[PDB]
Amino acid sequence: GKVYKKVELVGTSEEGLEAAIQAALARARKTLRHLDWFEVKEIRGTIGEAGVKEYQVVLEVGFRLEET
Amino acid sequence: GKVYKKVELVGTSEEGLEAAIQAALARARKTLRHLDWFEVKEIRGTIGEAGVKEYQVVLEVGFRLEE
Amino acid sequence: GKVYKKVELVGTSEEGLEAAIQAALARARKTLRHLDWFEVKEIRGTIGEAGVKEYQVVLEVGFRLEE
Amino acid sequence: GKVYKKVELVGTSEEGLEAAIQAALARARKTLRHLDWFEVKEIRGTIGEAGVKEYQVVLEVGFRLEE
Amino acid sequence: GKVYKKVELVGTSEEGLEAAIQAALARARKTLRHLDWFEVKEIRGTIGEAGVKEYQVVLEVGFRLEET
Amino acid sequence: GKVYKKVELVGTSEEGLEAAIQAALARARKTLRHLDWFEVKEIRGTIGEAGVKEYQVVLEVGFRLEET
Amino acid sequence: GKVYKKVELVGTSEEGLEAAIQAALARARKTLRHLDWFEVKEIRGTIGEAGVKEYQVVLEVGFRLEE
Amino acid sequence: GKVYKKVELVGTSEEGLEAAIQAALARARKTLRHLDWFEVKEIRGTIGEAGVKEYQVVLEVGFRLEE
Amino acid sequence: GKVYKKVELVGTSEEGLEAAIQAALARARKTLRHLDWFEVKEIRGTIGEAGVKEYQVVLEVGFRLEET
Amino acid sequence: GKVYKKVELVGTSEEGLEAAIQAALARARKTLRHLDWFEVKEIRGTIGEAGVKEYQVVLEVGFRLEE
Amino acid sequence: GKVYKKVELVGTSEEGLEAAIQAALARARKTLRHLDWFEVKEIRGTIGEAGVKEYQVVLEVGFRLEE
Amino acid sequence: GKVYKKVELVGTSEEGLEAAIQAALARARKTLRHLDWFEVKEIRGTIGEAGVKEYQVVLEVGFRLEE
Ligand SMILES: [Mn+2]
Ligand SMILES: [Mn+2]
Ligand SMILES: [Mn+2]
Ligand SMILES: [Mn+2]
Ligand code: NA
Ligand code: NA
């Protein structure tokens, strides 16, 4: 049937988790076609000094491969 | 000794992660009694042209069983 | 020594598990060279009116990098 | 907005892995509506004179809940 | 062939690990038929003035489904 | 080289996931120096009449040790 | 009560997952007594010109120990 | 929002599993305040001529931090 | 240095967890020398009908290998 | 903010763990830009007459994506 | 009877894996008494012009508590 | 096809990680035939006055069964 590929990215943002997810996906869309789903693997981040500096979300992005 | 049961749900939301959890809990409250705690097992979601179509949070909800 | 890369693919088929793995490997052959091994990570699928609709096998495929 | 539930079943069969999965899904269909997807968690089995006696596939079945 | 279902329960007891498991099974057998096996997934508990307040054992209980 | 330590904290908040993480970091920074990074290990919470009562985020906080 | 041992084998076959499991179990039968159950731990394999070369199934075989 | 800390201990006992947990909690109570919950991570132990020399239970203890 | 081997056993008992652990170890001692430690992997069991029939503890037993 | 990608490589060497890591990283440097960190995922190897033949280290290499 | 505590450290070094472990243990010795054993949890690192810049080994250090 | 067995060993050495792996493999050679691969599962060790006392590497060793 169809075949998909998964790439692992890390999105970062000062805004929050959804924004860091959206950041990776926005960059993914520049170079990968047929983006279909994602799976969060890790949530981490840096500290300083209003608390969280940046949120870092490690995620797999899954996309459909074309025929050839 | 009190006994609890855990049911696994996946809440979804186009808005965010809290909203997805809340969606699941709102539905669980309709058919399950004595809801006490939840544990998130997975965060995933779907992608469209806008980016995230929906956030999906897989979680277990634990509740106390009667008698 | 030699250096390998692993790509993660999801093969799908209505027929069964091996055919799902085979579907991923046939596509991988078109763009990847020196395919050597694979490792299954997840077996999942969709459900239709007759039972399984498609099997989906998530696998890592390992191949030698040139140079 | 949408909420799914997951139940954990063990399908068994003497015929093979796919058959064991089909067995769980067939029995699932009798009492669960909107069956959407499955996830295989464990493949195990019993052993007899002729090798495999029964294949046992532990899977989660996900299905959409009504509001 | 036969089809089984697993339900996840948490038994509790102020006495010990076995007693907590038995509490869960004793309750299970009031609403579930054909109980066959259990599998412990987690041991946790709460803490009081005297050490352990209650033991909490998270377990899966497996039972045959009737062909309904 | 440098040596870091990780401590496991659980932040809580009635507001959301980021707020819970910030609660833990805000407390961490009162007794720990040189906070560098955090890693989320679990998200759980409690349930009330209105859905989520409080969100509880389990996280590791990593900080450099002073060569003492 | 009674005591069981588990050994970890890897069965291989060009002819699929069930075939590889059966290969392991046939060999286990030759030198092990009181074979009772198996648990699949990994599925992997090698790749050749036609896709899968060999399927390799890593499993635990459980057997009762005599007293 | 209240904040908790988790410390990892290994309690040991020649008697049994509960006793090992209790050993750890008794010691934790000496230097940690507001002890609330524990989670067992590992059960292991040592072996002598008698069989089990000591049971060892690795656990996290969670307690509320002040200010 | 020294080399050890680990075998995986399943001890069973109606008495409880420690007894099922002791059961595997007693049988291990019949055929393996220099038993040194064990690690519990799984706790499961059968049901009927005073609750637990038998407790089943899956464990690795580690023992020192001799030179030759 | 910025976005990173991770690729999974297997470095090999007859000369040890660090050597295998370095082999992977040297190859990564040839076709990947902005290499920042690595995470070891598995250590395995092959066996020959003298013990270890090749050390094989599976690692993730993280690098910043240009915009 | 006996109770141990475990702390999670990250040793770093430019020299290799063993050196990074030794670095954590040396700093551990300054403030912790009765250091008994360690468990490596993660091996990771940073990458520079010459390949590995810093090795980072995340380990748990276990030590015996006084009564 | 061919069938393999995996035995789990713990190699120990004061020198380092490879020497620990080598110690396990040298002993395995005395009693096991057709040793083919190994997989590291855990790296741990003991601590003495100078830092690491012994490294202990837990590994699975895979070998072909005759027949
Ligand atoms: Mn949010
Ligand atoms: Mn098949
Ligand atoms: Mn007991
Ligand atoms: Mn080395
Ligand atoms: Na569950
Ligand atoms: Na911890």
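Both counts, for ligands and for their atoms, begin at 1 and track the order of listing. Here is how names work: the chains are called A, B, and so on, in the same order as the sequence lines, proteins then strands, and each is numbered from 1. Any value given below was found using the heavy atoms of this structure, including those in side chains, with hydrogens, waters and symmetry copies removed.
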query = Short check: any N/O/S atom of K/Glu18 below 2.8 Å from the Mn ion (ligand 4)?
reply = no
ask   = If you round to the nearest 0.5 Å, how far is CZ of F/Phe38 from NZ of F/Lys41?
value = 11.0 Å
ask   = Which N, O or S atom name in F/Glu8 marks its closest approach to the Na ion (ligand 6)?
value = OE1
query = Can you tell if the side chain of K/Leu9 reaches within under 4.5 Å of the side chain of F/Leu65, non-hydrogen atoms only?
reply = yes
task = Confirm or rule out an N/O/S atom of H/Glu60, from backbone or side chain, lying less than 3.0 Å from the Na ion (ligand 6).
result = yes
key: Distance-only side-chain donor-acceptor flag, L/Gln56 / L/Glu54, under 3.5 Å   = no
inquiry  = Checking the side chain of K/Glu14 only, and the main-chain atoms of F/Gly1 only, is there a donor and an acceptor separated by less than 3.5 Å?
reply    = no
